[PDB]
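Colleague: no sequence on hand, only this structure:
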RNA sequence: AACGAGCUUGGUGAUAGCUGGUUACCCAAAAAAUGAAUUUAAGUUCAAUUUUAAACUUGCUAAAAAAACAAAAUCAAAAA
RNA sequence: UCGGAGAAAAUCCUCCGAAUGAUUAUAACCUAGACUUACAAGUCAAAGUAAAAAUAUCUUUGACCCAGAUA
Ligand SMILES: [Mg+2]
Ligand SMILES: [Mg+2]
Ligand SMILES: [Mg+2]
Ligand SMILES: [Mg+2]
Ligand SMILES: [Mg+2]
Ligand SMILES: [Mg+2]
Ligand SMILES: [Mg+2]
Ligand SMILES: [Mg+2]
Ligand SMILES: [Mg+2]
């Protein structure tokens, strides 16, 4: 095989192995909070955008640590099905790849936000202000 | 143009499927294009007149017109307007019906 | 075909029986009769009737519309922009299914051009083909393909099925030879070297995430795994694959064809390839 | 017989093979003809073109 | 303009058109507003915003610009990262 | 042999928003001479009209009350 | 050339002004739908976002090319 001064062997002498690029990274399925694809069940409903749904049983799932599981269930109760599985869907693209990618990122974000305590309450939005004020009126109305 | 390779399972992931064997026994035969596709083409003239063309028809082109009218009549709710060019062997229909006619002609096995 | 039976009954076809297709010819009108004669369609006497009306775009003396609009650089540098023919995965699957592209061997611009899957115009500023994500959902082929540009979604589809994609740069002289190798061979010149990308494109082709042909191989495994996690598929170990040797094949940055080194002469007439022996030439080509 | 493949839906066309050796040698063989050459649509306007 | 040039026998483009207007492949032409860079200190804010916009051309103006340019300027250009990629086509246009 | 600037050839088929002319039959449709800009008003470009082809659906006449006016047109439910 | 007023949608019809300044709470970006309009030019504006914690208040004009001034 012809080789030149710009051949990849000469440009990058250290990685002269034939399979350096084609190997699979050692480990790395544990660090970076890897999501086990096999556990998740993926169904593609073509609603035009191809909707994608990722659902798993939050409590039974063991890859997520138990302390995170409890916080996620309380925080995102609205997304848990009657069977107890956590149902999240994406319908923002015509390619199910991105719809699945959007769904997966939600899992990663949900785990991360539960892991890190949200100490900051931030400013109170008008929606929160209306909710708070009406709650106070209910308390005062129930002076009995 | 190379002959398409034999595939274990049809339809092929792109969607292409070869003509069925045994041959259809209809009065009319619709031949495939040199690229091995069904010869149905969307057309437009004047910038507003939408038409669909079935082109490589051999045999009784009038029998095909009869079947096309019956097949498309329920969808329209009225009989489609069509032109038969017996010299060129093509059938022209007013409106875009390429996808329905492409699926329709696959079932017949052309 | 009953129509052919009609010919049997009819008189002989000859030069005296010929007729054009109906309505294929319009009538040419000459200004001789009263209808189209007389003023001959030009109207009453005036500048227009005498044939001397002002040029197109003249508005009778006021500043014309095409001159009152400010100049703005819409088309500045247009002839120097690079254009990439878009090849979608939908079209790629269609070509593979019908046998026009052979998935067993590596796919380069020559194979796409030979199978008529893509049409390249180097004279019209084409620099090659870009992979386009369209059709990614239904792409189910294992392929080794070399393209000039690629998108993240398109690369994901190729890798998920077990194939390999790399982005490689070809210069205008190299692109013409790659698209049409045989006409080049008939010229009788030796194969030229492939020029490296312009400084603008060096970052693109030296980046692992784009699978650049000048990028570090050591950084490929990390980039390949990252797409797998992002797009929810399991990276396939292609080394175990039987066709790993074909899939791993990549051209040298200065090579236009897979098995032909720069500086060789292809003698198609005698089915031979001639290689130079002069040392100075070999240094030139080997560089 | 035709050396190329005839389409299955079309049957071959045929003609009498003849010889010029003798006056009466009007039939010595039987020859297949490709239907797509000798049985095309009777397109007399294309002949005009 | 020149309909039949002496050297090549072809139509010639009016380069003043090419220097002011952009053609989208669908058939539309884009332009700037006259005076958008002139005497901005005395123009109202809403007026300045109207001037800054890119605006389409009428059917007659489009017909004239088509006559004043040759076919080379009407072709498909596949520019990588083109910012007008989406505007070369018409969608849901019934007419 | 008609000089405010000779004559001949050539440039040269100079140019002329000006005058004159522009060669068979039949069928059909048809403006208007309005508004705008122009060293523009003896011309031209655009609108408006007219027209050919095509697409698909309401148009024309009329039009109550009811507003807008001040104390026959604009608008246009139902119908015919 | 343009604006205001009468005739009242005509006029070589009759008047006043403008090629403005003053005033300042300094008056963003972005964006549905409309007016006006041969073209060009000229008007009004919900929603969203952003500064602040009421808009500027009085009531107009010059295109393209081409030259400037700067960061
Ligand atoms: Mg003529
Ligand atoms: Mg091209
Ligand atoms: Mg004399
Ligand atoms: Mg003349
Ligand atoms: Mg004149
Ligand atoms: Mg002037
Ligand atoms: Mg009515
Ligand atoms: Mg306008
Ligand atoms: Mg608002």
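Modeller: Alright, I've got the coordinates. Numbering: from 1, shown residues only, chains lettered A, B, ... in the order given. Ligands and ions are numbered 1, 2, ... in the order given.

Colleague: so what touches the helix or strand containing residue B:93?
Modeller: Element membership of residue B:93, judged by DSSP states H and E, is strand B:90-94. Strand B:90-94 is contacted from outside by B:43, B:49-57, B:61, B:64-65, B:68, B:72, B:80-85, B:101, using Cβ atoms under 8 Å, 6 or more residues apart in numbering or on different chains. Heads up, the C-betas are built off the backbone N, CA and C, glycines and all.

Colleague: tell me what the helix or strand just after it is packed against?
Modeller: Downstream of strand B:90-94, the first helix or strand assigned by DSSP H and E is helix B:98-108. Where contact means 3 or more Cβ pairs under 8 Å, 6 or more residues apart in numbering or on different chains; DSSP states H and E, helix B:98-108 is packed against strand B:40-45, strand B:49-54, helix B:61-76.

Colleague: would you convert those into TSV that also reports mean neighbour count?
Modeller: Formatted as TSV, these follow (neighbours: other Cβ atoms under 10 Å in any protein chain shown):
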stretch	mean neighbour count
strand B:40-45	14
strand B:49-54	19
helix B:61-76	15
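
Colleague: can you name the residue of chain E nearest chain B?
Modeller: residue E:95 (6.8 Å; Cβ to the nearest Cβ).

Colleague: who touches that residue in this structure?
Modeller: Contacts of residue E:95 by Cβ under 8 Å, 6+ apart are B:47-48.

Colleague: quick one: neighbours of residue C:160, just the number.
Modeller: Neighbour count for residue C:160, taken as other Cβ atoms under 10 Å in any protein chain shown: 21.

Colleague: from chain E, how far out is the spatially closest residue to it that is not a sequence neighbour?
Modeller: Leaving out its chain neighbours, the residue that sits closest to residue C:160 by Cβ to Cβ, 6 or more residues apart in numbering or on different chains is residue C:233, at 4.5 Å. As judged by Cβ to the nearest Cβ, to the nearest Å, residue C:233 and chain E stand 27 Å apart.

Colleague: pop out the phi and psi values for the residue nearest to the spatial centre of chain C.
Modeller: Note on chain C: the residue nearest the mean C-alpha position is residue C:120, at 2.4 Å, using Cα atoms, centre = their mean. With angles defined as degrees, to the nearest 10, residue C:120 sits at phi -110, psi 140.

Colleague: list the residues that contact it.
Modeller: Neighbours of residue C:120 in contact, by Cβ under 8 Å, 6+ apart: C:85, C:109, C:113, C:126, C:128-129, C:175, C:179.

Colleague: residue D:7 now?
Modeller: Residue D:7 neighbours (Cβ under 8 Å, 6+ apart): B:31, D:35-36.

Colleague: helix/strand/coil for it?
Modeller: Residue D:7 carries the three-state label coil when classified by DSSP: H, G, I helix; E, B strand; the rest coil.

Colleague: re the thing from before, of the contacts of residue C:120, which is the nearest to RNA strand F?
Modeller: Relative to RNA strand F, the closest of those is residue C:85; by Cβ to the nearest atom of the strand it sits at 33.9 Å.

Colleague: and the closest one, bridged to which residues?
Modeller: residue C:129 (DSSP bridges).

Colleague: name all residues that make contact with it.
Modeller: Contacts of residue C:85 (Cβ under 8 Å, 6+ apart): C:118-120, C:126, C:128-130, E:78.

Colleague: now, of those residues, which are buried?
Modeller: Among these, those scoring as buried are C:118, C:120, C:126, C:128-130, E:78 (criterion: 16 or more other Cβ atoms under 10 Å in any protein chain shown).

Colleague: of all those residues, which comes closest to RNA strand G?
Modeller: Closest to RNA strand G, out of all of the buried ones among the contacts of residue C:85 and judged by Cβ to the nearest atom of the strand, is residue E:78, at 25.4 Å.

Colleague: how much space separates the residue nearest to the spatial centre of chain A from residue D:21?
Modeller: By Cα atoms, centre = their mean, chain A has its centre lying nearest to residue A:107, at 2.0 Å. In this view, residue A:107 and residue D:21 are 90 Å apart by Cβ to Cβ, to the nearest Å.

Colleague: got it, and residue B:87?
Modeller: 42 Å.

Colleague: which helix is the longest one in chain A?
Modeller: helix A:96-115 (DSSP state H).

Colleague: helices of chain E, residue ranges please.
Modeller: E:15-18, E:45-52, E:59-67.

Colleague: and the residue most central in space within chain D, what is it in contact with?
Modeller: Chain D has residue D:33 as the residue nearest its centroid, 3.6 Å off, counting by Cα atoms, centre = their mean. Neighbouring residues of residue D:33 by Cβ under 8 Å, 6+ apart: D:2, D:12-15, D:39.

Colleague: who does it bridge with?
Modeller: Bridge pairing for residue D:33 - DSSP bridges - gives residue D:13.

Colleague: residues of chain D that sit close to chain C?
Modeller: Contact residues (Cβ under 8 Å from any Cβ of the partner chain) of chain D with chain C: D:39, D:41-42, D:44-45, D:47-49.
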